[PDB]
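What follows is a single structure, written as structure tokens, with notes after it.
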Amino acid sequence: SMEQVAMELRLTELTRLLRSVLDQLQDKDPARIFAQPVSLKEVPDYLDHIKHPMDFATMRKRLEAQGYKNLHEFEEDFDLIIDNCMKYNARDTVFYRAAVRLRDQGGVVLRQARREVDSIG
């Protein structure tokens, strides 16, 4: 149907906007602390601590299969990145501090992305 096509076009345009949002958020992590999944080889107990692991590469895989239906979904995954890190790692660590900075800086980007996703529908 033409309706299904139009919905697909909206999903594709969301996907384009989210790809740019993701690049901007990832630039707020120049150390690349959140680039890849936490390794179970190097933190074998990780899944006893954190129930839903997340990282930028896993987000990117989901994005390229057009797997985010809305911004809410994508923000949930970004928040998991930050929130997981702040629970697993102590306050006095390079990891925790990197999450705080990503949260603070990413907040700016997400504030306007919410307006762009509303605004362009």
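Which percent of Cα-Cα pairs in the chain sits in each 10 Å bin, short to long?
Going from the shortest bin to the longest, the percentages are 12, 43, 29, 12, 4, 0.
Distance between Cα centroids, region 6-34 to region 59-83: provide it in whole Å.
After rounding, the separation between the Cα centres reads 9 Å.
Say each of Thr93 and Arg114 gets a label point 7 Å from the Cα, pointing the same way as Cα to Cβ; how far apart are those two points in nm?
The answer from the label model is 2.9 nm.
Could you work out the helix-only [θ] at 222 nm for the chain, with each DSSP H run of four or more residues adding -39,500 (n - 2.57) and the total divided by the number of residues, to the nearest 500 deg cm²/dmol?
-22500 deg cm²/dmol
Once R0 is set to 30 Å, what does the formula 1/(1 + (r/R0)^6) return for the Cβ-Cβ distance between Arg10 and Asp104, expressed as a FRET efficiency to the nearest 0.05?
On the way: r = 31 Å, r/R0 = 1.03.
After rounding to 0.05, the efficiency reads 0.45.
Quick check: the angle from helix 71-88's long axis to the longest principal axis of the chain, C-alpha only, nearest 10 degrees?
For 71-88 against the chain, the angle is about 0 degrees.
What's the exposure ranking of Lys87, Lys41, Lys28, going from fewest to most Cβ atoms within 10 Å?
Values: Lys87 11, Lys41 6, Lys28 17.
If I rank by nearby Cβ atoms, fewest first, I get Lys41, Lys87, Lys28.
List the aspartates and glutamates whose alpha-carbon lies under 18 Å from that of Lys28, not counting same-chain residues fewer than 8 positions away?
Reachable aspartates and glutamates: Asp55, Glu75, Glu76, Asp77, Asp79, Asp83, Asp104.
So what's the angle, to the nearest 10 degrees on a 0 to 90 scale, between helix 2-26 and the longest Cα principal axis of the chain?
30 degrees
With a point put 7 Å past each Cα toward its Cβ, work out how far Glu42 is from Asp83 in nm, to one decimal.
2.5 nm
Give the cross-link partners of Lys51 among the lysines, using a straight C-alpha distance below 16 Å as the criterion and excluding same-chain residues fewer than 8 apart.
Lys87
Only Cα pairs within less than 10 Å get springs; with that Gaussian network setup on the chain, which residue of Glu76, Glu42, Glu64 has the largest fluctuation?
Answer for the Gaussian network model of the chain: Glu42.
For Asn70 and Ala31, what is the calculated FRET efficiency with R₀ set at 30 Å and r taken between the beta-carbons, to the nearest 0.05?
Values: r = 30 Å, r/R0 = 0.99.
Using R0 = 30 Å, I get an efficiency of 0.50.
Rule-based calculations on the coordinates, nothing more; no lab input. All Cβ positions, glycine included, derive from the backbone under ideal geometry; neighbour counts span all protein chains shown.
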